Structure formats: structure tokens, C-alpha cells
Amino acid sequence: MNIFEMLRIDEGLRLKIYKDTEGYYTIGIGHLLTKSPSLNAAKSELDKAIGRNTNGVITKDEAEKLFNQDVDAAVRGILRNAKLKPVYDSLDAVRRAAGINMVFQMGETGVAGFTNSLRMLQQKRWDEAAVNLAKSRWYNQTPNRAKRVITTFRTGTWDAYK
């Protein structure tokens, strides 16, 4: 297990444009295209991302490519965030993955609502963190996924994903 497989599991793989749990146009391995309600807008963003006239459909390779880039950017976002980076550096490898997962899912944004959890994580108060993290819209909206991530942070193992 690693971040890529983990996320592949949590996000799935779809080769045609679809709506995510929030209703946003997405493709591939959770690659958000746009929050706009316009399918055309989405198609435009897709073509721009891929470099060709896709007509809303992509290949597996293409999907994987967006994915790699997306992971990369998430990490890079983390390393560039002053609130995040210190936490991340303090963690072990498994838990780092849990944290990348979350940013991939929701972005850097929202980091403020997660202040308390951060602090807990930085201190290595796993069970307390786990509880605090569950007090969130995130958990209430995507509970199964959130449980997996929270478990990961709590245990430092991949058991939730096995």
C-alpha cells in the first residue's frame, strides 16, 4: 500500500465525465474539473487538461497521468502551507498518506477548521485526534471514506484498506 493505491481505492476510476458526491464534474481518479454546473464548461476544462479534443472521454493512461499530477500537486500544496507543513513533517509515512488523502479530497482550503485536529496530530494524540476529526461535515458527508482515513491516522497502519 501507498498513497496512490489508497487513493485509487477511495476515488475509483471513471473514464467518462461524471458528478462527484458533491455533484461536481469530475473524471478519472477523482480529478475535479469544475464546480460550474455547465457540462460544456467541464468539457472545455477537460480538453485543456488533456491537450486534445476529448469529447468527454479519456483513456486509462490519460487518467493515470492526471492522477500523478494531482498527487504531486497535493504534496506540494502541503509543503507550501505553513500551517500544514510542520504537521506533515512530524508524521510517519503511513500517516503522511492519510494527510495527503485529505488534501487531495478537499484542498488546502479548510485548513482553519482543522486547526484543533492538527494540533492533536502534531502532538501524537491519536485517539483524541480521531475523535475531533469525526466532528466534521467531511465525516458526516462521506463517512465510509472518512472512517478509513481516520483509522489510518489513529493506527498508523493500513488495516482499513485491507
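Residue positions are given as counts along the sequence shown, with the first one as 1.
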Task: 43 to 51 set against 107 to 115, stretch whose average Cα temperature factor tops the other in the entry - done: 107 to 115
- [ ] Can you let me know which of the two, 62 to 70 or 28 to 36, has the higher average C-alpha B-factor in the entry?
- [x] 28 to 36
- [ ] Could you look up the Cα B-factor of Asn144 in the entry and say which third of the chain it sits in: lowest, middle or highest?
- [x] lowest
Open item on the list: Looking at the temperature factor on the CA atom of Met1, which third of the chain's modelled residues does it land in?
Closed with: highest
